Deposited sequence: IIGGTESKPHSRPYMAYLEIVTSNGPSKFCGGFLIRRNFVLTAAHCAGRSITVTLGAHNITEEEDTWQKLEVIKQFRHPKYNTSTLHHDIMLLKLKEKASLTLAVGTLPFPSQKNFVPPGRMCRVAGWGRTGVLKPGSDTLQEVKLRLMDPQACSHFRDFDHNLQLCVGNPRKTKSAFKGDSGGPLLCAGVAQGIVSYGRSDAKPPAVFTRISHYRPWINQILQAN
């Protein structure tokens, strides 16, 4: 997160920290969020050979009793996820066990331009800075779809256009998959933007994918 501030520890108990294993490189990281005691929502571009999820974290380098580290048994990447157009950037992760409900760990159960929303993550705090140790958050403006025109594949039915171009606030590398909360409901998921972090950025519009989400959760 660029231009944000450190979150009050454990104030976003649905936040998931994802470590992504691939077979040919070192580990990568994404955010995500707990929608059911055994399901994490995140971005399809976070998929890999295997993933481990840490719940209950604030400072990701300092183990504490709030931590729940859980194995992912299956990844359900959206079947239409397209690496050319970048549409349908969404994935469910099924956890091996049900997470415990604690002060630090809970679910986040289930919109037009103008509204201020919040995003949170452990990602880079600058173009050339490392990922944050601690969970950071920022407030971002929802924009009219026109503000995202220069993303040629942007589609207002599937995606939200997020961040006032006059400000430097943005999600960045490592924040992928994290929720956009507007009035305490998750409305989007960090998807993509410019390499230089100049806003706005493109978030997956969660309402369009609700039938798909329900179908996976009911069959599992």
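Chemist: Comparing the deposited sequence against the modelled residues, what ranges come up empty for C-alpha?
Modeler: Missing C-alpha atoms (numbering from 1) occur across the range 111 to 116 alone.
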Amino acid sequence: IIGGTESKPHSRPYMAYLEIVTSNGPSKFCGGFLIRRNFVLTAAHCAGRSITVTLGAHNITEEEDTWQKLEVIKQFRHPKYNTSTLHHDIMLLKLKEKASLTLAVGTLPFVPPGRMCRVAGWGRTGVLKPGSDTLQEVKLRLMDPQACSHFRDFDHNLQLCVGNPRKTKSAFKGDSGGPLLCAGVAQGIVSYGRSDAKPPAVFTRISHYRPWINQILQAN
From here on, numbers count along this sequence of modelled residues.
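Chemist: Between 150 to 158 and 51 to 59, name whichever shows the higher mean Cα B factor according to the PDB entry.
Modeler: Mean B over CA atoms: larger for 150 to 158.
Chemist: Out of 5 to 13 and 20 to 28, which one has CA B-factors that are higher on average in the deposited record?
Modeler: 20 to 28 has the higher mean C-alpha B-factor.
Chemist: Per the entry's Cα B factor values, which of 35, 171, 185, 44 stands out as the maximum?
Modeler: Answer, based on the entry's C-alpha B-factors: 185.
Chemist: Looking at the C-alpha B-factor values in the deposited entry, which of 93, 143, 128, 104 comes out highest?
Modeler: 128 has the highest C-alpha B-factor of those listed.
Chemist: What third of the chain, by the recorded C-alpha B-factor, contains residue 181?
Modeler: Highest third of the chain for residue 181's C-alpha B-factor.
Chemist: Which third of the chain holds residue 120 when residues are ordered by C-alpha B factor: lowest, middle or highest?
Modeler: According to the entry, residue 120 has a C-alpha B-factor in the chain's lowest third.
Chemist: Looking at the entry's B-factor column for C-alpha atoms only, identify whether residue 72 ranks in the lowest, middle or highest third of its chain.
Modeler: For residue 72, the deposited C-alpha B-factor lands in the lowest third.
Chemist: What third of the chain, by the recorded C-alpha B-factor, contains residue 133?
Modeler: Ranked within chain, residue 133 CA B lands in the highest tercile.
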